[PDB]
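Shown here: data.txt, compact mmCIF, C-alpha atoms (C1' of nucleotides).
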```txt
# COMPACT_ATOMS: atom_id res chain seq x y z
CA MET A 1 37.67 -222.99 -147.63
CA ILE A 2 36.38 -226.54 -148.09
CA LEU A 3 32.70 -225.58 -148.30
CA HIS A 4 33.15 -221.83 -148.89
CA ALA A 5 34.57 -222.60 -152.34
CA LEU A 6 31.43 -224.62 -153.07
CA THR A 7 29.03 -221.79 -152.22
CA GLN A 8 31.27 -219.32 -154.05
CA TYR A 9 31.01 -221.20 -157.35
CA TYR A 10 27.36 -222.10 -156.82
CA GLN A 11 26.71 -218.35 -156.66
CA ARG A 12 28.56 -218.06 -159.99
CA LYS A 13 26.79 -220.97 -161.71
CA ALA A 14 23.36 -219.73 -160.59
CA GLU A 15 24.13 -216.25 -161.99
CA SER A 16 25.73 -217.38 -165.28
CA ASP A 17 22.69 -219.47 -166.36
CA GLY A 18 24.21 -222.93 -166.12
CA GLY A 19 21.03 -224.83 -165.31
CA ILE A 20 21.07 -225.37 -161.54
CA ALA A 21 18.63 -225.40 -158.64
CA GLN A 22 16.99 -222.17 -157.44
CA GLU A 23 16.16 -222.16 -153.71
CA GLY A 24 14.82 -225.55 -152.63
CA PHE A 25 15.29 -227.58 -155.83
CA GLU A 26 17.62 -230.39 -156.91
CA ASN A 27 18.60 -231.94 -160.26
CA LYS A 28 17.35 -235.34 -159.15
CA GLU A 29 17.63 -238.20 -161.64
CA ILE A 30 13.97 -239.21 -162.06
CA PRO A 31 13.42 -242.33 -164.22
CA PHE A 32 9.80 -243.00 -165.21
CA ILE A 33 7.38 -240.07 -165.33
CA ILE A 34 3.63 -239.95 -164.74
CA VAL A 35 1.33 -238.15 -167.19
CA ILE A 36 -2.12 -236.90 -166.15
CA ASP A 37 -4.66 -234.33 -167.35
CA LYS A 38 -6.54 -231.70 -165.26
CA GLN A 39 -8.42 -234.06 -162.90
CA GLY A 40 -6.35 -237.24 -162.57
CA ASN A 41 -6.67 -240.17 -164.99
CA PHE A 42 -3.29 -241.79 -165.63
CA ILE A 43 -2.20 -241.46 -169.26
CA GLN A 44 1.28 -242.79 -170.07
CA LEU A 45 4.31 -243.79 -167.99
CA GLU A 46 6.99 -242.18 -170.14
CA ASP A 47 10.65 -242.92 -169.39
CA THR A 48 13.47 -240.42 -170.00
CA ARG A 49 16.40 -242.83 -169.63
CA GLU A 50 18.33 -244.18 -172.67
CA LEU A 51 21.71 -242.54 -172.04
CA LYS A 52 24.76 -244.63 -171.14
CA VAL A 53 25.40 -248.36 -171.54
CA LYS A 54 24.29 -248.66 -167.91
CA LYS A 55 20.70 -247.39 -167.97
CA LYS A 56 20.59 -244.72 -165.25
CA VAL A 57 17.41 -243.56 -163.52
CA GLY A 58 16.23 -241.21 -166.25
CA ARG A 59 17.07 -237.55 -166.74
CA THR A 60 18.06 -235.11 -163.99
CA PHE A 61 14.89 -233.04 -163.60
CA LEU A 62 14.91 -229.72 -161.73
CA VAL A 63 12.55 -230.97 -159.02
CA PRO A 64 12.32 -229.84 -155.37
CA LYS A 65 15.11 -231.09 -153.13
CA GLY A 66 14.54 -234.16 -150.99
CA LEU A 67 13.89 -233.45 -147.32
CA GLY A 68 16.04 -236.42 -146.27
CA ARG A 69 13.76 -239.12 -144.88
CA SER A 70 15.71 -242.16 -143.64
CA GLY A 71 14.22 -243.87 -140.60
CA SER A 72 11.93 -246.56 -139.28
CA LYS A 73 8.96 -244.21 -139.73
CA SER A 74 10.32 -242.86 -143.02
CA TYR A 75 6.73 -242.62 -144.30
CA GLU A 76 5.97 -239.61 -142.08
CA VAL A 77 8.56 -237.55 -143.99
CA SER A 78 7.56 -237.73 -147.69
CA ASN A 79 8.78 -235.20 -150.26
CA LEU A 80 6.70 -232.77 -152.34
CA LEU A 81 5.53 -234.26 -155.65
CA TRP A 82 8.45 -236.53 -156.60
CA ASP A 83 9.26 -239.49 -154.36
CA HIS A 84 9.24 -243.29 -154.62
CA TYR A 85 7.22 -245.90 -156.49
CA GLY A 86 5.89 -247.05 -153.11
CA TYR A 87 5.08 -243.46 -152.19
CA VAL A 88 2.85 -242.91 -155.25
CA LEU A 89 1.23 -246.26 -156.11
CA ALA A 90 1.65 -247.89 -152.66
CA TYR A 91 3.47 -250.78 -154.38
CA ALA A 92 6.62 -252.28 -152.86
CA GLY A 93 8.93 -254.70 -154.63
CA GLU A 94 11.01 -255.87 -151.67
CA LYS A 95 9.46 -253.87 -148.80
CA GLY A 96 5.95 -255.32 -148.53
CA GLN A 97 2.66 -253.65 -147.71
CA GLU A 98 1.88 -251.48 -144.66
CA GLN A 99 5.44 -250.11 -144.66
CA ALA A 100 4.86 -248.82 -148.20
CA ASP A 101 1.14 -248.19 -147.67
CA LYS A 102 1.86 -245.59 -144.98
CA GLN A 103 4.30 -243.94 -147.40
CA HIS A 104 1.51 -243.37 -149.93
CA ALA A 105 -0.91 -242.43 -147.14
CA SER A 106 1.42 -239.64 -145.98
CA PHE A 107 2.22 -238.60 -149.56
CA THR A 108 -1.52 -238.13 -150.13
CA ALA A 109 -1.74 -235.94 -147.03
CA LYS A 110 1.26 -233.90 -148.18
CA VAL A 111 -0.28 -233.41 -151.63
CA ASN A 112 -3.59 -232.44 -150.02
CA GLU A 113 -1.97 -229.87 -147.72
CA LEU A 114 0.00 -228.47 -150.67
CA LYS A 115 -3.23 -228.13 -152.66
CA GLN A 116 -4.95 -226.46 -149.70
CA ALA A 117 -2.00 -224.08 -149.28
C1' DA M 1 162.13 -285.79 -164.52
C1' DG M 2 159.40 -281.14 -167.11
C1' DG M 3 156.64 -280.61 -170.13
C1' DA M 4 152.38 -277.75 -172.65
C1' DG M 5 145.99 -279.82 -173.19
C1' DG M 6 144.13 -274.29 -177.19
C1' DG M 7 145.23 -269.58 -178.84
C1' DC M 8 139.79 -267.07 -181.02
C1' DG M 9 135.78 -265.87 -182.23
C1' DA M 10 132.34 -266.25 -184.78
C1' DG M 11 126.46 -269.91 -183.22
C1' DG M 12 121.60 -266.74 -186.83
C1' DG M 13 122.44 -264.06 -190.42
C1' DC M 14 116.03 -262.96 -193.49
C1' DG M 15 111.18 -262.96 -193.82
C1' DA M 16 106.71 -264.67 -193.56
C1' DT M 17 102.98 -267.74 -187.99
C1' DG M 18 97.09 -266.67 -191.72
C1' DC M 19 94.86 -266.75 -196.04
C1' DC M 20 88.07 -266.77 -195.92
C1' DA M 21 83.55 -266.99 -193.20
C1' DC M 22 80.54 -268.49 -190.81
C1' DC M 23 79.32 -267.90 -184.66
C1' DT M 24 73.85 -269.04 -186.01
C1' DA M 25 69.86 -271.06 -188.14
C1' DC M 26 63.29 -271.79 -185.95
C1' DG M 27 59.65 -270.68 -182.32
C1' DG M 28 57.64 -270.83 -178.55
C1' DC M 29 58.32 -266.96 -173.18
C1' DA M 30 51.94 -267.93 -171.46
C1' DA M 31 48.24 -270.83 -170.32
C1' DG M 32 43.90 -270.31 -166.21
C1' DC M 33 41.90 -267.68 -161.69
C1' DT M 34 41.85 -264.73 -158.36
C1' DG M 35 42.61 -258.52 -157.84
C1' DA M 36 38.04 -260.03 -152.69
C1' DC M 37 36.02 -262.04 -148.98
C1' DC M 38 32.30 -259.14 -143.77
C1' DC M 39 31.67 -254.13 -141.40
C1' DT M 40 31.21 -249.94 -140.44
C1' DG M 41 26.59 -245.20 -142.92
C1' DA M 42 22.36 -240.92 -142.88
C1' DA M 43 18.56 -240.69 -140.22
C1' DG M 44 14.55 -241.82 -137.59
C1' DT M 45 12.59 -245.30 -134.62
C1' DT M 46 12.51 -248.94 -130.82
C1' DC M 47 13.44 -251.92 -126.49
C1' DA M 48 14.91 -252.63 -121.53
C1' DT M 49 17.41 -250.39 -118.45
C1' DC M 50 18.78 -245.27 -115.20
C1' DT M 51 16.26 -242.53 -112.42
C1' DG M 52 12.64 -239.86 -110.02
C1' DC M 53 7.84 -240.04 -108.32
```
Would you put the structure from the file into C-alpha cells?
Amino acid sequence: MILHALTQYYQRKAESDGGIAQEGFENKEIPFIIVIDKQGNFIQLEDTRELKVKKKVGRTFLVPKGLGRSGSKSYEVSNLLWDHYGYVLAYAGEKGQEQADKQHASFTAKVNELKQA
DNA sequence: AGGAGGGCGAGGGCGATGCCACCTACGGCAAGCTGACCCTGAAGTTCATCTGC
C-alpha cells in the first residue's frame, strides 16, 4: 500500500490532465536553456528561473527522465538531450577537464545515435 | 469561772472598645551566543587479495 497508492493516484493525475510525465519523462527543474536554429549556431541562453526568494534551477520542464548515472565512469551513461553543463559544453567548474570532457564526448555519441535512429 | 466574736445579703447595676483611608506609589524581568559539530548515500568504478589454471 506504500507504493501502490502512488501508482493509483499517478494513474488518476495522468488521466485528469494535471500536467505530469507520459512514459519516460520527468518534470525536471532545468535552469538555463539553449536556443538554436535548424543547423546549430547558439543564439541566446535564456533562463526560466525568477520564482522564490531562493533562486531555484529554473522551471520544471517536461523533459525525458534521467537514466540515473552516478559512478566513476558516469560519462558513459549520459541522458537524452538534457543533462549537465559539463555534458553539453565540456566545461567543469569544480570537476576539471577529461572527467567532464568524456561526458560531452559520450553526450555527442548519444545525440548522434538518436539522430541516426 | 462562762461567756458570745456576726446575724445577711447585697459587690455591677448600662452602654459604647472605632470613627476614615490609605496598604501602595515607578520601572526595569533581558542582554549576547549557541540550537551543531563528523558520518553514513545512489550508483558505477577500482585496487589487492581468494581461487583455479
Residues of chain M within 10 Å of chain A, counting only C-alpha atoms (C1' of nucleotides), what are they? List them as a PyMOL selection string. chain M and resi 42-46
Of the candidates A:92, A:3, A:117, A:30, which one gets nearest to residue 56 of chain A if we count all atoms listed in the file?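 Of all the options, A:30 lies closest to residue 56 of chain A.
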One decimal, Å: what's the distance from atom CA of residue 15 of chain A over to atom CA of residue 83 of chain A, could you say?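 For atom CA of residue 15 of chain A relative to atom CA of residue 83 of chain A, the distance reads 28.6 Å.
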Quick one: residues within 9 Å of residue 34 of chain A, only C-alpha atoms (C1' of nucleotides), excluding same-chain residues fewer than 5 positions away - as a PyMOL selection string? chain A and resi 42-47
Restricted to C-alpha atoms, what would the selected residues look like written as a tab-separated table (two decimals), in the coordinates of the input?
```tsv
chain	number	residue	atom	x	y	z
A	42	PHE	CA	-3.29	-241.79	-165.63
A	43	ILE	CA	-2.20	-241.46	-169.26
A	44	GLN	CA	1.28	-242.79	-170.07
A	45	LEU	CA	4.31	-243.79	-167.99
A	46	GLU	CA	6.99	-242.18	-170.14
A	47	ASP	CA	10.65	-242.92	-169.39
```
Rounded to one decimal in Å, what is the spacing between atom CA of residue 106 of chain A and atom CA of residue 65 of chain A?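 Separation between atom CA of residue 106 of chain A and atom CA of residue 65 of chain A: 17.7 Å.
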If we count only C-alpha atoms (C1' of nucleotides) and set the cut-off at 7 Å, which residues sit around residue 29 of chain A, ignoring sequence neighbours fewer than 5 positions away in its own chain? Please answer as an mmCIF file with C-alpha atoms, in the frame of the given file.
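Output file around31.cif is given in full below:
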```cif
data_model
loop_
_atom_site.group_PDB
_atom_site.id
_atom_site.type_symbol
_atom_site.label_atom_id
_atom_site.label_comp_id
_atom_site.auth_asym_id
_atom_site.auth_seq_id
_atom_site.Cartn_x
_atom_site.Cartn_y
_atom_site.Cartn_z
ATOM 1 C CA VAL A 57 17.410 -243.560 -163.520
ATOM 2 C CA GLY A 58 16.230 -241.210 -166.250
ATOM 3 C CA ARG A 59 17.070 -237.550 -166.740
ATOM 4 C CA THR A 60 18.060 -235.110 -163.990
ATOM 5 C CA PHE A 61 14.890 -233.040 -163.600
#
```
Could you state the separation of atom CA of residue 109 of chain A and atom CA of residue 63 of chain A in Å, given to one decimal place?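 Atom CA of residue 109 of chain A sits 19.3 Å away from atom CA of residue 63 of chain A.
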Set the distance at 12 Å and use all atoms listed in the file: which residues neighbour residue 86 of chain A once local chain neighbours fewer than 5 positions away are removed? I'd like the list as a count of residues only. 21
Using the incomplete input, complete segment 94-114 of chain A to the level of N, CA, C and O atoms; output as a PDB file, in the coordinates of the input.
```pdb
ATOM      1  N   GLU A  94      10.339-255.078-152.694  1.00  0.00           N
ATOM      2  CA  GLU A  94      11.010-255.870-151.670  1.00  0.00           C
ATOM      3  C   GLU A  94      10.777-255.308-150.270  1.00  0.00           C
ATOM      4  O   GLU A  94      11.515-255.651-149.340  1.00  0.00           O
ATOM      5  N   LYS A  95       9.765-254.456-150.098  1.00  0.00           N
ATOM      6  CA  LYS A  95       9.460-253.870-148.800  1.00  0.00           C
ATOM      7  C   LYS A  95       8.145-254.336-148.206  1.00  0.00           C
ATOM      8  O   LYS A  95       7.966-254.227-146.989  1.00  0.00           O
ATOM      9  N   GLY A  96       7.226-254.848-149.021  1.00  0.00           N
ATOM     10  CA  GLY A  96       5.950-255.320-148.530  1.00  0.00           C
ATOM     11  C   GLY A  96       4.949-254.201-148.318  1.00  0.00           C
ATOM     12  O   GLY A  96       5.239-253.014-148.474  1.00  0.00           O
ATOM     13  N   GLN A  97       3.738-254.599-147.945  1.00  0.00           N
ATOM     14  CA  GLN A  97       2.660-253.650-147.710  1.00  0.00           C
ATOM     15  C   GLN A  97       2.864-252.973-146.351  1.00  0.00           C
ATOM     16  O   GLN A  97       3.902-253.119-145.700  1.00  0.00           O
ATOM     17  N   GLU A  98       1.857-252.207-145.921  1.00  0.00           N
ATOM     18  CA  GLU A  98       1.880-251.480-144.660  1.00  0.00           C
ATOM     19  C   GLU A  98       3.040-250.488-144.591  1.00  0.00           C
ATOM     20  O   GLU A  98       2.822-249.279-144.466  1.00  0.00           O
ATOM     21  N   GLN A  99       4.275-250.994-144.661  1.00  0.00           N
ATOM     22  CA  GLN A  99       5.440-250.110-144.660  1.00  0.00           C
ATOM     23  C   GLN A  99       5.409-249.164-145.855  1.00  0.00           C
ATOM     24  O   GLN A  99       5.741-247.980-145.724  1.00  0.00           O
ATOM     25  N   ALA A 100       5.014-249.664-147.026  1.00  0.00           N
ATOM     26  CA  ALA A 100       4.860-248.820-148.200  1.00  0.00           C
ATOM     27  C   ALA A 100       3.482-248.193-148.306  1.00  0.00           C
ATOM     28  O   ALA A 100       3.327-247.177-148.992  1.00  0.00           O
ATOM     29  N   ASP A 101       2.476-248.773-147.644  1.00  0.00           N
ATOM     30  CA  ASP A 101       1.140-248.190-147.670  1.00  0.00           C
ATOM     31  C   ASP A 101       1.101-246.880-146.883  1.00  0.00           C
ATOM     32  O   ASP A 101       0.450-245.917-147.304  1.00  0.00           O
ATOM     33  N   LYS A 102       1.791-246.828-145.740  1.00  0.00           N
ATOM     34  CA  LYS A 102       1.860-245.590-144.980  1.00  0.00           C
ATOM     35  C   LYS A 102       2.622-244.508-145.738  1.00  0.00           C
ATOM     36  O   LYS A 102       2.326-243.318-145.583  1.00  0.00           O
ATOM     37  N   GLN A 103       3.592-244.904-146.566  1.00  0.00           N
ATOM     38  CA  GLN A 103       4.300-243.940-147.400  1.00  0.00           C
ATOM     39  C   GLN A 103       3.334-243.219-148.336  1.00  0.00           C
ATOM     40  O   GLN A 103       3.320-241.985-148.407  1.00  0.00           O
ATOM     41  N   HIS A 104       2.508-243.982-149.055  1.00  0.00           N
ATOM     42  CA  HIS A 104       1.510-243.370-149.930  1.00  0.00           C
ATOM     43  C   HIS A 104       0.453-242.618-149.144  1.00  0.00           C
ATOM     44  O   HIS A 104      -0.033-241.578-149.603  1.00  0.00           O
ATOM     45  N   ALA A 105       0.091-243.113-147.957  1.00  0.00           N
ATOM     46  CA  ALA A 105      -0.910-242.430-147.140  1.00  0.00           C
ATOM     47  C   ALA A 105      -0.418-241.049-146.713  1.00  0.00           C
ATOM     48  O   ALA A 105      -1.189-240.082-146.702  1.00  0.00           O
ATOM     49  N   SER A 106       0.863-240.938-146.357  1.00  0.00           N
ATOM     50  CA  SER A 106       1.420-239.640-145.980  1.00  0.00           C
ATOM     51  C   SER A 106       1.699-238.771-147.200  1.00  0.00           C
ATOM     52  O   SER A 106       1.600-237.542-147.110  1.00  0.00           O
ATOM     53  N   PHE A 107       2.045-239.378-148.338  1.00  0.00           N
ATOM     54  CA  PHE A 107       2.220-238.600-149.560  1.00  0.00           C
ATOM     55  C   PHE A 107       0.903-237.973-149.997  1.00  0.00           C
ATOM     56  O   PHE A 107       0.879-236.834-150.481  1.00  0.00           O
ATOM     57  N   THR A 108      -0.206-238.697-149.825  1.00  0.00           N
ATOM     58  CA  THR A 108      -1.520-238.130-150.130  1.00  0.00           C
ATOM     59  C   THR A 108      -1.826-236.943-149.232  1.00  0.00           C
ATOM     60  O   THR A 108      -2.352-235.925-149.696  1.00  0.00           O
ATOM     61  N   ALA A 109      -1.500-237.050-147.941  1.00  0.00           N
ATOM     62  CA  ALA A 109      -1.740-235.940-147.030  1.00  0.00           C
ATOM     63  C   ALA A 109      -0.861-234.741-147.374  1.00  0.00           C
ATOM     64  O   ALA A 109      -1.309-233.591-147.285  1.00  0.00           O
ATOM     65  N   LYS A 110       0.387-234.989-147.776  1.00  0.00           N
ATOM     66  CA  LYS A 110       1.260-233.900-148.180  1.00  0.00           C
ATOM     67  C   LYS A 110       0.736-233.207-149.438  1.00  0.00           C
ATOM     68  O   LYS A 110       0.728-231.973-149.522  1.00  0.00           O
ATOM     69  N   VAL A 111       0.283-233.990-150.420  1.00  0.00           N
ATOM     70  CA  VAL A 111      -0.280-233.410-151.630  1.00  0.00           C
ATOM     71  C   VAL A 111      -1.544-232.617-151.307  1.00  0.00           C
ATOM     72  O   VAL A 111      -1.776-231.533-151.859  1.00  0.00           O
ATOM     73  N   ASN A 112      -2.366-233.131-150.389  1.00  0.00           N
ATOM     74  CA  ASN A 112      -3.590-232.440-150.020  1.00  0.00           C
ATOM     75  C   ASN A 112      -3.295-231.121-149.310  1.00  0.00           C
ATOM     76  O   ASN A 112      -3.947-230.105-149.579  1.00  0.00           O
ATOM     77  N   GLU A 113      -2.314-231.114-148.404  1.00  0.00           N
ATOM     78  CA  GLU A 113      -1.970-229.870-147.720  1.00  0.00           C
ATOM     79  C   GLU A 113      -1.305-228.879-148.667  1.00  0.00           C
ATOM     80  O   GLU A 113      -1.478-227.665-148.509  1.00  0.00           O
ATOM     81  N   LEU A 114      -0.567-229.368-149.668  1.00  0.00           N
ATOM     82  CA  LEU A 114       0.000-228.470-150.670  1.00  0.00           C
ATOM     83  C   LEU A 114      -1.090-227.865-151.543  1.00  0.00           C
ATOM     84  O   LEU A 114      -1.014-226.689-151.918  1.00  0.00           O
TER      85      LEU A 114
END
```
